[PDB]
>>> print(open('work_24.json').read())   # JSON, C-alpha atoms
[["chain", "number", "residue", "atom", "x", "y", "z"],
["A", 65, "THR", "CA", 28.33, -31.17, -40.84],
["A", 66, "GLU", "CA", 25.46, -30.96, -43.32],
["A", 67, "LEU", "CA", 24.72, -27.46, -44.59],
["A", 68, "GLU", "CA", 21.00, -28.24, -44.43],
["A", 69, "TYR", "CA", 21.34, -29.11, -40.73],
["A", 70, "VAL", "CA", 22.88, -25.67, -40.11],
["A", 71, "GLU", "CA", 20.08, -24.05, -42.11],
["A", 72, "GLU", "CA", 17.51, -25.93, -40.02],
["A", 73, "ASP", "CA", 19.22, -24.76, -36.82],
["A", 74, "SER", "CA", 19.14, -21.13, -37.95],
["A", 75, "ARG", "CA", 15.52, -21.50, -39.08],
["A", 76, "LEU", "CA", 14.62, -22.83, -35.62],
["A", 77, "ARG", "CA", 16.41, -19.91, -33.95],
["A", 78, "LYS", "CA", 14.51, -17.39, -36.07],
["A", 79, "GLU", "CA", 11.31, -19.31, -35.31],
["A", 80, "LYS", "CA", 12.06, -18.82, -31.61],
["A", 81, "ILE", "CA", 12.59, -15.08, -32.15],
["A", 82, "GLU", "CA", 9.23, -14.86, -33.92],
["A", 83, "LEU", "CA", 7.67, -16.82, -31.05],
["A", 84, "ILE", "CA", 9.09, -14.26, -28.61],
["A", 85, "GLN", "CA", 7.43, -11.46, -30.57],
["A", 86, "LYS", "CA", 4.14, -13.35, -30.94],
["A", 87, "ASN", "CA", 4.20, -14.18, -27.22],
["A", 88, "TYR", "CA", 4.36, -10.49, -26.38],
["A", 89, "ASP", "CA", 1.65, -9.79, -28.98],
["A", 90, "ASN", "CA", -0.78, -12.40, -27.62],
["A", 91, "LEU", "CA", -0.87, -10.61, -24.25],
["A", 92, "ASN", "CA", -3.50, -8.11, -25.39],
["A", 93, "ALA", "CA", -2.49, -5.11, -23.28],
["A", 94, "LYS", "CA", -3.05, -1.37, -23.42],
["A", 95, "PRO", "CA", -0.88, 1.36, -21.85],
["A", 96, "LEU", "CA", -1.90, 2.37, -18.35],
["A", 97, "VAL", "CA", -3.53, 5.80, -18.21],
["A", 98, "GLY", "CA", -3.08, 8.46, -15.54],
["A", 99, "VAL", "CA", -3.65, 12.10, -14.65],
["A", 100, "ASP", "CA", -1.37, 14.93, -13.51],
["A", 101, "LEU", "CA", -3.14, 16.66, -10.59],
["A", 102, "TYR", "CA", -5.61, 15.79, -7.82],
["A", 103, "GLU", "CA", -8.82, 17.59, -8.83],
["A", 104, "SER", "CA", -11.94, 15.46, -8.34],
["A", 105, "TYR", "CA", -12.53, 12.19, -6.52],
["A", 106, "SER", "CA", -14.67, 10.75, -9.33],
["A", 107, "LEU", "CA", -12.14, 11.32, -12.13],
["A", 108, "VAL", "CA", -9.23, 9.82, -10.18],
["A", 109, "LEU", "CA", -11.46, 6.92, -9.15],
["A", 110, "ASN", "CA", -12.40, 6.29, -12.79],
["A", 111, "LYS", "CA", -8.76, 6.24, -13.89],
["A", 112, "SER", "CA", -7.78, 3.95, -11.00],
["A", 113, "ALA", "CA", -10.67, 1.57, -11.69],
["A", 114, "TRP", "CA", -9.78, 1.38, -15.38],
["A", 115, "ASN", "CA", -6.14, 0.65, -14.56],
["A", 116, "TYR", "CA", -7.11, -2.03, -12.05],
["A", 117, "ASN", "CA", -9.50, -3.67, -14.52],
["A", 118, "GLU", "CA", -6.85, -3.64, -17.24],
["A", 119, "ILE", "CA", -4.22, -5.23, -15.00],
["A", 120, "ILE", "CA", -6.74, -7.83, -13.80],
["A", 121, "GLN", "CA", -7.70, -8.78, -17.36],
["A", 122, "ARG", "CA", -4.01, -8.94, -18.27],
["A", 123, "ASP", "CA", -3.64, -11.64, -15.56],
["A", 124, "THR", "CA", -0.07, -10.77, -14.56],
["A", 125, "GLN", "CA", -0.67, -9.75, -10.92],
["A", 126, "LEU", "CA", 0.35, -11.49, -7.70],
["A", 127, "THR", "CA", -2.44, -12.10, -5.20],
["A", 128, "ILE", "CA", -2.11, -12.45, -1.43],
["A", 129, "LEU", "CA", -1.79, -16.24, -1.74],
["A", 130, "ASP", "CA", 1.33, -15.80, -3.89],
["A", 131, "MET", "CA", 3.01, -13.59, -1.29],
["A", 132, "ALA", "CA", 1.96, -15.94, 1.52],
["A", 133, "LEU", "CA", 3.49, -18.89, -0.34],
["A", 134, "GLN", "CA", 6.68, -16.92, -1.00],
["A", 135, "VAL", "CA", 6.93, -16.09, 2.72],
["A", 136, "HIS", "CA", 6.24, -19.73, 3.65],
["A", 137, "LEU", "CA", 9.02, -20.91, 1.33],
["A", 138, "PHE", "CA", 11.44, -18.16, 2.37],
["A", 139, "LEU", "CA", 11.10, -18.81, 6.11],
["A", 140, "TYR", "CA", 11.73, -22.56, 5.87],
["A", 141, "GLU", "CA", 14.67, -23.66, 8.02],
["A", 142, "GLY", "CA", 13.58, -27.18, 9.01],
["A", 143, "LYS", "CA", 10.01, -26.68, 10.26],
["A", 144, "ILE", "CA", 6.90, -26.04, 8.15],
["A", 145, "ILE", "CA", 4.97, -22.81, 8.79],
["A", 146, "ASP", "CA", 1.28, -22.93, 7.90],
["A", 147, "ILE", "CA", 0.33, -21.05, 4.74],
["A", 148, "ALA", "CA", -3.12, -20.16, 6.09],
["A", 149, "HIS", "CA", -1.57, -18.72, 9.26],
["A", 150, "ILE", "CA", 0.75, -16.49, 7.21],
["A", 151, "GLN", "CA", -2.12, -15.39, 4.97],
["A", 152, "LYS", "CA", -4.22, -14.46, 8.00],
["A", 153, "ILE", "CA", -1.30, -12.55, 9.52],
["A", 154, "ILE", "CA", -0.68, -10.63, 6.29],
["A", 155, "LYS", "CA", -4.37, -9.74, 6.00],
["A", 156, "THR", "CA", -4.39, -8.55, 9.61],
["A", 157, "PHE", "CA", -1.35, -6.35, 8.92],
["A", 158, "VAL", "CA", -2.90, -4.81, 5.80],
["A", 159, "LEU", "CA", -6.15, -4.20, 7.69],
["A", 160, "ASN", "CA", -4.19, -2.45, 10.44],
["A", 161, "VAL", "CA", -2.58, -0.26, 7.77],
["A", 162, "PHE", "CA", -6.03, 0.42, 6.31],
["A", 163, "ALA", "CA", -7.44, 1.44, 9.70],
["A", 164, "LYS", "CA", -4.41, 3.63, 10.40],
["A", 165, "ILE", "CA", -4.47, 5.51, 7.09],
["A", 166, "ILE", "CA", -8.16, 6.47, 7.20],
["A", 167, "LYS", "CA", -7.33, 8.54, 10.30],
["A", 168, "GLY", "CA", -4.77, 10.66, 8.47],
["A", 169, "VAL", "CA", -1.72, 8.75, 9.75],
["A", 170, "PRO", "CA", 0.74, 7.76, 6.99],
["A", 171, "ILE", "CA", 2.49, 4.41, 7.39],
["A", 172, "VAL", "CA", 6.06, 3.80, 6.22],
["A", 173, "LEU", "CA", 6.84, 0.21, 5.27],
["A", 174, "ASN", "CA", 10.22, 1.04, 3.68],
["A", 175, "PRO", "CA", 12.22, 4.12, 2.60],
["A", 176, "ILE", "CA", 10.65, 3.75, -0.89],
["A", 177, "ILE", "CA", 6.91, 3.15, -0.30],
["A", 178, "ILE", "CA", 4.85, 5.25, 2.12],
["A", 179, "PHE", "CA", 1.12, 4.61, 2.44],
["A", 180, "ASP", "CA", -0.98, 7.77, 2.73],
["A", 181, "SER", "CA", -4.53, 8.96, 2.12],
["A", 182, "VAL", "CA", -5.94, 11.88, 0.14],
["A", 183, "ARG", "CA", -9.31, 13.30, 1.17],
["A", 184, "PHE", "CA", -11.04, 15.90, -0.98],
["A", 185, "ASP", "CA", -14.13, 16.45, 1.17],
["A", 186, "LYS", "CA", -16.01, 14.71, 3.93],
["A", 187, "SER", "CA", -17.15, 11.26, 2.74],
["A", 188, "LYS", "CA", -14.47, 11.29, -0.02],
["A", 189, "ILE", "CA", -11.06, 9.71, 0.65],
["A", 190, "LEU", "CA", -8.67, 7.69, -1.52],
["A", 191, "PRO", "CA", -5.61, 5.62, -0.51],
["A", 192, "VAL", "CA", -2.33, 6.46, -2.26],
["A", 193, "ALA", "CA", 1.27, 5.28, -2.20],
["A", 194, "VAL", "CA", 3.94, 8.00, -2.32],
["A", 195, "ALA", "CA", 7.70, 8.31, -2.15],
["A", 196, "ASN", "CA", 9.52, 10.02, 0.70],
["A", 197, "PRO", "CA", 9.35, 13.81, 0.16],
["A", 198, "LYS", "CA", 12.60, 15.73, 0.10],
["A", 199, "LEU", "CA", 11.90, 19.04, 1.86],
["A", 200, "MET", "CA", 8.55, 18.75, 3.71],
["A", 201, "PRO", "CA", 8.53, 15.74, 6.05],
["A", 202, "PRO", "CA", 5.13, 14.04, 6.29],
["A", 203, "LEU", "CA", 2.91, 14.83, 9.26],
["A", 204, "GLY", "CA", 3.01, 12.12, 11.94],
["A", 205, "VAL", "CA", 4.59, 9.22, 10.04],
["A", 206, "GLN", "CA", 4.69, 5.89, 11.87],
["A", 207, "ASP", "CA", 6.74, 2.82, 11.12],
["A", 208, "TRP", "CA", 5.04, -0.45, 10.31],
["A", 209, "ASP", "CA", 6.68, -1.84, 13.45],
["A", 210, "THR", "CA", 4.25, 0.24, 15.53],
["A", 211, "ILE", "CA", 1.18, -1.61, 14.24],
["A", 212, "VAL", "CA", 2.59, -5.16, 14.58],
["A", 213, "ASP", "CA", 2.42, -7.39, 17.66],
["A", 214, "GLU", "CA", 5.66, -7.66, 19.62],
["A", 215, "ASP", "CA", 5.83, -11.46, 19.26],
["A", 216, "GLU", "CA", 8.96, -12.59, 17.43],
["A", 217, "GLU", "CA", 7.10, -14.89, 15.02],
["A", 218, "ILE", "CA", 4.58, -12.21, 14.02],
["A", 219, "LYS", "CA", 7.31, -9.61, 13.51],
["A", 220, "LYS", "CA", 9.43, -12.03, 11.47],
["A", 221, "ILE", "CA", 6.48, -12.95, 9.25],
["A", 222, "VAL", "CA", 5.60, -9.30, 8.63],
["A", 223, "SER", "CA", 9.24, -8.35, 7.99],
["A", 224, "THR", "CA", 9.57, -11.17, 5.46],
["A", 225, "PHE", "CA", 6.33, -10.10, 3.78],
["A", 226, "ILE", "CA", 7.57, -6.51, 3.49],
["A", 227, "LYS", "CA", 10.94, -7.61, 2.08],
["A", 228, "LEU", "CA", 9.32, -9.92, -0.47],
["A", 229, "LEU", "CA", 6.87, -7.17, -1.43],
["A", 230, "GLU", "CA", 9.75, -4.77, -2.02],
["A", 231, "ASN", "CA", 11.59, -7.31, -4.17],
["A", 232, "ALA", "CA", 8.46, -8.12, -6.18],
["A", 233, "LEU", "CA", 7.78, -4.43, -6.81],
["A", 234, "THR", "CA", 11.42, -3.86, -7.78],
["A", 235, "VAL", "CA", 11.52, -6.68, -10.34],
["A", 236, "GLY", "CA", 8.26, -5.48, -11.88],
["A", 237, "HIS", "CA", 5.37, -7.45, -10.40],
["A", 238, "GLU", "CA", 1.88, -6.14, -9.60],
["A", 239, "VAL", "CA", 1.09, -7.05, -5.99],
["A", 240, "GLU", "CA", -2.30, -6.80, -4.28],
["A", 241, "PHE", "CA", -2.22, -5.01, -0.91],
["A", 242, "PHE", "CA", -5.79, -4.26, 0.16],
["A", 243, "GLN", "CA", -8.82, -6.27, -0.92],
["A", 244, "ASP", "CA", -9.48, -5.60, -4.63],
["A", 245, "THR", "CA", -6.59, -3.16, -5.02],
["A", 246, "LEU", "CA", -3.25, -3.39, -6.77],
["A", 247, "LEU", "CA", 0.19, -1.95, -6.08],
["A", 248, "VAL", "CA", 2.47, -1.21, -9.04],
["A", 249, "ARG", "CA", 5.87, 0.43, -9.46],
["A", 250, "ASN", "CA", 6.05, 2.60, -12.58],
["A", 251, "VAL", "CA", 9.20, 4.02, -14.17],
["A", 252, "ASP", "CA", 11.97, 5.04, -11.72],
["A", 253, "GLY", "CA", 10.86, 4.98, -8.06],
["A", 254, "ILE", "CA", 7.21, 6.05, -8.41],
["A", 255, "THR", "CA", 4.65, 3.67, -6.89],
["A", 256, "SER", "CA", 0.89, 3.76, -7.51],
["A", 257, "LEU", "CA", -2.13, 2.07, -5.93],
["A", 258, "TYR", "CA", -5.06, 1.23, -8.23],
["A", 259, "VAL", "CA", -8.42, 0.79, -6.48],
["A", 260, "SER", "CA", -11.33, -1.28, -7.78],
["A", 261, "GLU", "CA", -14.95, -0.18, -7.48],
["A", 262, "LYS", "CA", -15.73, -2.30, -4.42],
["A", 263, "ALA", "CA", -12.50, -1.36, -2.64],
["A", 264, "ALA", "CA", -13.39, 2.32, -2.98],
["A", 265, "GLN", "CA", -16.91, 1.41, -1.86],
["A", 266, "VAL", "CA", -15.57, -0.16, 1.34],
["A", 267, "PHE", "CA", -13.29, 2.85, 1.89],
["A", 268, "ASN", "CA", -16.25, 5.22, 1.55],
["A", 269, "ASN", "CA", -18.40, 3.05, 3.82],
["A", 270, "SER", "CA", -15.66, 3.11, 6.46],
["A", 271, "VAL", "CA", -15.35, 6.89, 6.24],
["A", 272, "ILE", "CA", -19.09, 7.73, 6.18],
["A", 273, "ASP", "CA", -20.65, 5.11, 8.47],
["A", 274, "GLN", "CA", -17.68, 3.67, 10.42],
["A", 275, "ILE", "CA", -18.36, 0.20, 9.01],
["A", 276, "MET", "CA", -14.97, -1.43, 9.48],
["A", 277, "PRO", "CA", -14.15, -4.64, 7.60],
["A", 278, "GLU", "CA", -14.51, -7.71, 9.78],
["A", 279, "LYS", "CA", -11.37, -9.18, 11.30],
["A", 280, "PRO", "CA", -9.61, -11.77, 9.11],
["A", 281, "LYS", "CA", -10.16, -15.38, 10.12],
["A", 282, "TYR", "CA", -8.28, -18.62, 9.57],
["A", 283, "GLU", "CA", -9.43, -19.95, 6.20],
["A", 284, "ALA", "CA", -8.34, -23.39, 5.05],
["A", 285, "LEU", "CA", -6.71, -23.43, 1.63],
["A", 286, "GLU", "CA", -9.07, -24.13, -1.27],
["A", 287, "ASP", "CA", -8.12, -26.40, -4.16],
["A", 288, "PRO", "CA", -7.18, -24.12, -7.09],
["A", 289, "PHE", "CA", -8.76, -26.54, -9.60],
["A", 290, "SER", "CA", -12.43, -27.58, -9.61],
["B", 99, "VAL", "CA", 2.77, 14.74, -8.46],
["B", 100, "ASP", "CA", 2.17, 13.63, -4.88],
["B", 101, "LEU", "CA", -0.25, 14.94, -2.25],
["B", 102, "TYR", "CA", 2.69, 16.60, -0.51],
["B", 103, "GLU", "CA", 3.74, 18.52, -3.63],
["B", 104, "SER", "CA", 0.75, 20.90, -3.40],
["B", 105, "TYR", "CA", -0.31, 23.49, -0.85],
["B", 106, "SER", "CA", -4.05, 22.74, -0.94],
["B", 107, "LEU", "CA", -3.91, 19.02, -0.11],
["B", 108, "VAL", "CA", -1.40, 19.44, 2.72],
["B", 109, "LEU", "CA", -3.35, 22.39, 4.10],
["B", 110, "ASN", "CA", -6.57, 20.36, 4.03],
["B", 111, "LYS", "CA", -4.95, 17.47, 5.91],
["B", 112, "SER", "CA", -3.36, 19.81, 8.48],
["B", 113, "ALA", "CA", -6.64, 21.66, 9.00],
["B", 114, "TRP", "CA", -8.53, 18.39, 9.45],
["B", 115, "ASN", "CA", -6.05, 17.17, 12.07],
["B", 116, "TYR", "CA", -6.14, 20.51, 13.91],
["B", 117, "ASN", "CA", -9.95, 20.62, 13.85],
["B", 118, "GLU", "CA", -10.16, 17.08, 15.20],
["B", 119, "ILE", "CA", -7.78, 17.84, 18.07],
["B", 120, "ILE", "CA", -9.67, 21.07, 18.82],
["B", 121, "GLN", "CA", -13.02, 19.28, 18.89],
["B", 122, "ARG", "CA", -11.56, 16.68, 21.24],
["B", 123, "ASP", "CA", -10.77, 19.59, 23.61],
["B", 124, "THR", "CA", -7.64, 18.00, 25.07],
["B", 125, "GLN", "CA", -5.01, 20.58, 24.08],
["B", 126, "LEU", "CA", -3.03, 22.89, 26.36],
["B", 127, "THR", "CA", -3.25, 26.60, 25.55],
["B", 128, "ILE", "CA", -0.71, 29.33, 26.30],
["B", 129, "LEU", "CA", -2.43, 30.10, 29.62],
["B", 130, "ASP", "CA", -1.67, 26.55, 30.79],
["B", 131, "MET", "CA", 2.04, 26.94, 30.04],
["B", 132, "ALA", "CA", 2.06, 30.36, 31.71],
["B", 133, "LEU", "CA", 0.54, 28.87, 34.86],
["B", 134, "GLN", "CA", 3.02, 25.98, 34.80],
["B", 135, "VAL", "CA", 5.91, 28.43, 34.45],
["B", 136, "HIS", "CA", 4.49, 30.57, 37.27],
["B", 137, "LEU", "CA", 4.31, 27.50, 39.52],
["B", 138, "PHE", "CA", 7.80, 26.31, 38.56],
["B", 139, "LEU", "CA", 9.32, 29.77, 39.14],
["B", 140, "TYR", "CA", 7.28, 30.42, 42.32],
["B", 141, "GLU", "CA", 10.30, 29.97, 44.61],
["B", 142, "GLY", "CA", 12.81, 32.55, 43.37],
["B", 143, "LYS", "CA", 10.40, 35.45, 42.86],
["B", 144, "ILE", "CA", 6.67, 35.53, 42.10],
["B", 145, "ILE", "CA", 5.97, 36.50, 38.48],
["B", 146, "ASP", "CA", 2.47, 37.57, 37.46],
["B", 147, "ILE", "CA", 0.73, 34.98, 35.29]]
>>> encode(input="work_24.json", output="structure tokens")
Amino acid sequence: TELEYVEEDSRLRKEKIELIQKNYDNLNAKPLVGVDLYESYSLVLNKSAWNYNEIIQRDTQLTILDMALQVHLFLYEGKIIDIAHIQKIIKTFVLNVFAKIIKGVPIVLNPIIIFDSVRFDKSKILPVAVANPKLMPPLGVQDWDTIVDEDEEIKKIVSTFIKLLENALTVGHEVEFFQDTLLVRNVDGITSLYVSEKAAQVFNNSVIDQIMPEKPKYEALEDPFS
Amino acid sequence: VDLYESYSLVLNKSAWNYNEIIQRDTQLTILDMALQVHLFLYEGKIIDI
């Protein structure tokens, strides 16, 4: 074959390599920042808010709609399950977790991720995600199964959501768990929960004035465009 | 590190839980267990509470 054709092929391959590099470059990203010890609520909140804002502006995170659609596709065996129903169920489950963790009760969704809360003073609490400790078992841990209705459909939907969440965290996604928060898995098996300003505001409102978020309702899907 | 890795955070959580249960005033003291033991053992020999 023509030597120039081979040269053009190699040139195209190197062009694709340079496109790979430029594709990584065009995602204008900065390394996530963190601290080493729990000292003040304000400092940790500032770091978490900055991390959440950075991940949001990166636009690489999976919202609740994405997980609802993954569950809807994964549970298909002949009959269609409503996406809005699954989204409502997932929101109800995460709100149950939220209500359970503000009372000092950790919730275990899996051997890897355990949802807990850190309070520094009255009126100052912050949700966290921690791994299973090795020598000091957590105080009053409850399974997720405790806070889920006994109906088979509800339990299957929540189990599928948990499994898909674990897979998404393992592969390297950034999933949203509470409203305006983000769940990430860093190096090794360390998980972190980054809280926006309004999410921390709703946490503080719940802890100071007992203003619980309203129950999720069935919302019809909105057209993503226009 | 994690909230469990330090003495102060775990102590604060434990103290908050204990204070909440104490302020509910629903816990059984040692006197209650002594009286239950006295009642359970009240048919072999009476033991002072």
>>> closest_atom_pairs(input="work_24.json", of="chain A", to="chain B", cutoff="8 Å", atoms="all atoms listed in the file", output="CSV")
residue,atom,partner,partner_atom,distance
A:100,CA,B:99,CA,6.5
A:101,CA,B:99,CA,6.6
A:102,CA,B:101,CA,7.8
A:168,CA,B:111,CA,7.3
A:182,CA,B:101,CA,6.9
A:183,CA,B:111,CA,7.7
A:184,CA,B:107,CA,7.8
A:194,CA,B:100,CA,6.4
A:197,CA,B:102,CA,7.3
A:200,CA,B:102,CA,7.5
A:202,CA,B:102,CA,7.7
>>> residues_around(input="work_24.json", residues="residue 137 (chain A)", least_positions_apart="4", cutoff="12 Å", atoms="all atoms listed in the file", output="PyMOL selection string")
chain A and resi 130-133+141-147+150+221+224-225+228
>>> axis_aligned_box(input="work_24.json", around="region 104-113 of chain B", padding_each_side="8 Å", output="AutoDock Vina command-line options")
--center_x -2.9 --center_y 20.5 --center_z 2.8 --size_x 23.4 --size_y 22.0 --size_z 28.4
>>> residues_near_point(input="work_24.json", point="(5.8, 34.2, 36.5)", cutoff="8 Å", atoms="all atoms listed in the file", output="PDB file with C-alpha atoms, in the coordinates of the input")
ATOM      1  CA  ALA B 132       2.060  30.360  31.710  1.00  0.00           C
ATOM      2  CA  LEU B 133       0.540  28.870  34.860  1.00  0.00           C
ATOM      3  CA  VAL B 135       5.910  28.430  34.450  1.00  0.00           C
ATOM      4  CA  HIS B 136       4.490  30.570  37.270  1.00  0.00           C
ATOM      5  CA  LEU B 137       4.310  27.500  39.520  1.00  0.00           C
ATOM      6  CA  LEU B 139       9.320  29.770  39.140  1.00  0.00           C
ATOM      7  CA  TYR B 140       7.280  30.420  42.320  1.00  0.00           C
ATOM      8  CA  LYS B 143      10.400  35.450  42.860  1.00  0.00           C
ATOM      9  CA  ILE B 144       6.670  35.530  42.100  1.00  0.00           C
ATOM     10  CA  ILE B 145       5.970  36.500  38.480  1.00  0.00           C
ATOM     11  CA  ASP B 146       2.470  37.570  37.460  1.00  0.00           C
ATOM     12  CA  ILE B 147       0.730  34.980  35.290  1.00  0.00           C
TER      13      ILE B 147
END
>>> atom_distance(input="work_24.json", atom1="CA of residue 156 (chain A)", atom2="CA of residue 222 (chain A)")
10.1 Å
>>> atom_distance(input="work_24.json", atom1="CA of residue 176 (chain A)", atom2="CA of residue 219 (chain A)")
19.9 Å
>>> atom_distance(input="work_24.json", atom1="CA of residue 269 (chain A)", atom2="CA of residue 188 (chain A)")
9.9 Å
>>> closest_residue(input="work_24.json", among="A:134, A:266, A:107, A:164", to="residue 151 (chain A)", atoms="all atoms listed in the file")
A:134
>>> residues_around(input="work_24.json", residues="residue 97 (chain A)", least_positions_apart="3", cutoff="10 Å", atoms="all atoms listed in the file", output="list in words")
residues 94, 111, 112, 114 and 115 of chain A
>>> write_last_selection(input="work_24.json", atoms="C-alpha atoms", output="mmCIF file, keeping the file's coordinate frame")
data_model
loop_
_atom_site.group_PDB
_atom_site.id
_atom_site.type_symbol
_atom_site.label_atom_id
_atom_site.label_comp_id
_atom_site.auth_asym_id
_atom_site.auth_seq_id
_atom_site.Cartn_x
_atom_site.Cartn_y
_atom_site.Cartn_z
ATOM 1 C CA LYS A 94 -3.050 -1.370 -23.420
ATOM 2 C CA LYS A 111 -8.760 6.240 -13.890
ATOM 3 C CA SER A 112 -7.780 3.950 -11.000
ATOM 4 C CA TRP A 114 -9.780 1.380 -15.380
ATOM 5 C CA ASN A 115 -6.140 0.650 -14.560
#
>>> closest_residue(input="work_24.json", among="A:127, A:170, A:139, A:281", to="residue 220 (chain A)", atoms="all atoms listed in the file")
A:139
>>> residues_around(input="work_24.json", residues="residue 178 (chain A)", least_positions_apart="2", cutoff="9 Å", atoms="all atoms listed in the file", output="number ranges by chain")
A: 170-176, 180, 192-196, 205
>>> closest_residue(input="work_24.json", among="A:218, A:67, A:128, A:165", to="residue 153 (chain A)", atoms="all atoms listed in the file")
A:218
>>> build_atoms(input="work_24.json", residues="region 212-228 of chain A", atoms="N, CA, C and O atoms", output="PDB file, in the frame of the given file")
ATOM      1  N   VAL A 212       2.374  -3.718  14.618  1.00  0.00           N
ATOM      2  CA  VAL A 212       2.590  -5.160  14.580  1.00  0.00           C
ATOM      3  C   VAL A 212       2.819  -5.644  16.009  1.00  0.00           C
ATOM      4  O   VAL A 212       3.495  -4.977  16.800  1.00  0.00           O
ATOM      5  N   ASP A 213       2.240  -6.797  16.336  1.00  0.00           N
ATOM      6  CA  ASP A 213       2.420  -7.390  17.660  1.00  0.00           C
ATOM      7  C   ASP A 213       3.898  -7.646  17.931  1.00  0.00           C
ATOM      8  O   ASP A 213       4.685  -7.925  17.024  1.00  0.00           O
ATOM      9  N   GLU A 214       4.268  -7.559  19.209  1.00  0.00           N
ATOM     10  CA  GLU A 214       5.660  -7.660  19.620  1.00  0.00           C
ATOM     11  C   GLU A 214       6.204  -9.087  19.584  1.00  0.00           C
ATOM     12  O   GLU A 214       7.405  -9.274  19.803  1.00  0.00           O
ATOM     13  N   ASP A 215       5.359 -10.085  19.330  1.00  0.00           N
ATOM     14  CA  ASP A 215       5.830 -11.460  19.260  1.00  0.00           C
ATOM     15  C   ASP A 215       6.849 -11.622  18.139  1.00  0.00           C
ATOM     16  O   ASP A 215       6.735 -11.002  17.079  1.00  0.00           O
ATOM     17  N   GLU A 216       7.861 -12.458  18.385  1.00  0.00           N
ATOM     18  CA  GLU A 216       8.960 -12.590  17.430  1.00  0.00           C
ATOM     19  C   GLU A 216       8.483 -13.221  16.129  1.00  0.00           C
ATOM     20  O   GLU A 216       8.917 -12.819  15.045  1.00  0.00           O
ATOM     21  N   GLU A 217       7.599 -14.215  16.219  1.00  0.00           N
ATOM     22  CA  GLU A 217       7.100 -14.890  15.020  1.00  0.00           C
ATOM     23  C   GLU A 217       6.304 -13.925  14.150  1.00  0.00           C
ATOM     24  O   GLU A 217       6.472 -13.890  12.925  1.00  0.00           O
ATOM     25  N   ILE A 218       5.424 -13.138  14.774  1.00  0.00           N
ATOM     26  CA  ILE A 218       4.580 -12.210  14.020  1.00  0.00           C
ATOM     27  C   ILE A 218       5.444 -11.159  13.338  1.00  0.00           C
ATOM     28  O   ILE A 218       5.256 -10.844  12.154  1.00  0.00           O
ATOM     29  N   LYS A 219       6.417 -10.617  14.072  1.00  0.00           N
ATOM     30  CA  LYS A 219       7.310  -9.610  13.510  1.00  0.00           C
ATOM     31  C   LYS A 219       8.157 -10.179  12.383  1.00  0.00           C
ATOM     32  O   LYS A 219       8.367  -9.511  11.365  1.00  0.00           O
ATOM     33  N   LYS A 220       8.646 -11.411  12.535  1.00  0.00           N
ATOM     34  CA  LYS A 220       9.430 -12.030  11.470  1.00  0.00           C
ATOM     35  C   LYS A 220       8.594 -12.260  10.222  1.00  0.00           C
ATOM     36  O   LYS A 220       9.057 -12.013   9.102  1.00  0.00           O
ATOM     37  N   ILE A 221       7.357 -12.728  10.395  1.00  0.00           N
ATOM     38  CA  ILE A 221       6.480 -12.950   9.250  1.00  0.00           C
ATOM     39  C   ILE A 221       6.212 -11.636   8.522  1.00  0.00           C
ATOM     40  O   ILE A 221       6.282 -11.565   7.288  1.00  0.00           O
ATOM     41  N   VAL A 222       5.920 -10.571   9.273  1.00  0.00           N
ATOM     42  CA  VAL A 222       5.600  -9.300   8.630  1.00  0.00           C
ATOM     43  C   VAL A 222       6.833  -8.698   7.966  1.00  0.00           C
ATOM     44  O   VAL A 222       6.745  -8.120   6.875  1.00  0.00           O
ATOM     45  N   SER A 223       8.003  -8.831   8.600  1.00  0.00           N
ATOM     46  CA  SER A 223       9.240  -8.350   7.990  1.00  0.00           C
ATOM     47  C   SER A 223       9.522  -9.084   6.683  1.00  0.00           C
ATOM     48  O   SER A 223       9.900  -8.461   5.682  1.00  0.00           O
ATOM     49  N   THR A 224       9.357 -10.409   6.679  1.00  0.00           N
ATOM     50  CA  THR A 224       9.570 -11.170   5.460  1.00  0.00           C
ATOM     51  C   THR A 224       8.585 -10.757   4.378  1.00  0.00           C
ATOM     52  O   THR A 224       8.952 -10.636   3.205  1.00  0.00           O
ATOM     53  N   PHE A 225       7.323 -10.536   4.757  1.00  0.00           N
ATOM     54  CA  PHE A 225       6.330 -10.100   3.780  1.00  0.00           C
ATOM     55  C   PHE A 225       6.717  -8.760   3.169  1.00  0.00           C
ATOM     56  O   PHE A 225       6.610  -8.570   1.955  1.00  0.00           O
ATOM     57  N   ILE A 226       7.172  -7.818   3.999  1.00  0.00           N
ATOM     58  CA  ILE A 226       7.570  -6.510   3.490  1.00  0.00           C
ATOM     59  C   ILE A 226       8.765  -6.633   2.551  1.00  0.00           C
ATOM     60  O   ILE A 226       8.805  -6.004   1.486  1.00  0.00           O
ATOM     61  N   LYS A 227       9.761  -7.440   2.931  1.00  0.00           N
ATOM     62  CA  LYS A 227      10.940  -7.610   2.080  1.00  0.00           C
ATOM     63  C   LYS A 227      10.571  -8.232   0.741  1.00  0.00           C
ATOM     64  O   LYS A 227      11.037  -7.781  -0.316  1.00  0.00           O
ATOM     65  N   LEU A 228       9.733  -9.269   0.764  1.00  0.00           N
ATOM     66  CA  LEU A 228       9.320  -9.920  -0.470  1.00  0.00           C
ATOM     67  C   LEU A 228       8.491  -8.981  -1.329  1.00  0.00           C
ATOM     68  O   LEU A 228       8.597  -8.994  -2.560  1.00  0.00           O
TER      69      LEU A 228
END
